[PDB]
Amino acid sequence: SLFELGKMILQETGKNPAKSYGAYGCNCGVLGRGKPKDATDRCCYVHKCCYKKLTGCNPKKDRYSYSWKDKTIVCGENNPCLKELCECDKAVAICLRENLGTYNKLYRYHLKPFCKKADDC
């Protein structure tokens, strides 16, 4: 669910998830996908496409189990779809931390309606 995603982003990046990523670029936060503005935006683009493949469950509301061992997100879920969901969330949290170096505050509250259309997932 969005709860576990938010905890993951806070654990990996150390940043408030909705502040730094609630409306970043054309893909982070609300209002679907668009042409990525930068590397951080592409993390959210990939993450949204990760959600679109979850054909057997529901990413926004389905809670899953994960652990924080050796400063690493570990998805211990036995259910295959929840496990696939947890790995989507873990990937974007790692991706967002890995691209903090090119984070641009000018994209933090980006006017998404004027974004160029995105390619199909």
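Start at 1 with the first residue shown and count on from there. So that the term is clear: the rigid core is the largest set of C-alpha atoms that superpose within 1.5 Å between two forms.
Once the rigid core is used to overlay the structures in 4 other deposited structures of this protein, the stretch among 83 to 91 and 56 to 64 whose CA atoms lie farther from this form is 56 to 64. Where the structures in 4 other deposited structures of this protein are fitted on the rigid core, 69 to 77 is the one of 92 to 100 and 69 to 77 whose C-alphas sit farther from the shown form on average. A summary of the deposited B-factors shows that, of 57 to 65 and 73 to 81, the stretch with the larger mean C-alpha value is 57 to 65. Comparing the deposited coordinates for 100 to 108 and 7 to 15, the stretch with the larger average C-alpha B-factor is 7 to 15. Highest C-alpha temperature factor among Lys90, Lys52, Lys37, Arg33, as the PDB entry reports it: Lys52.
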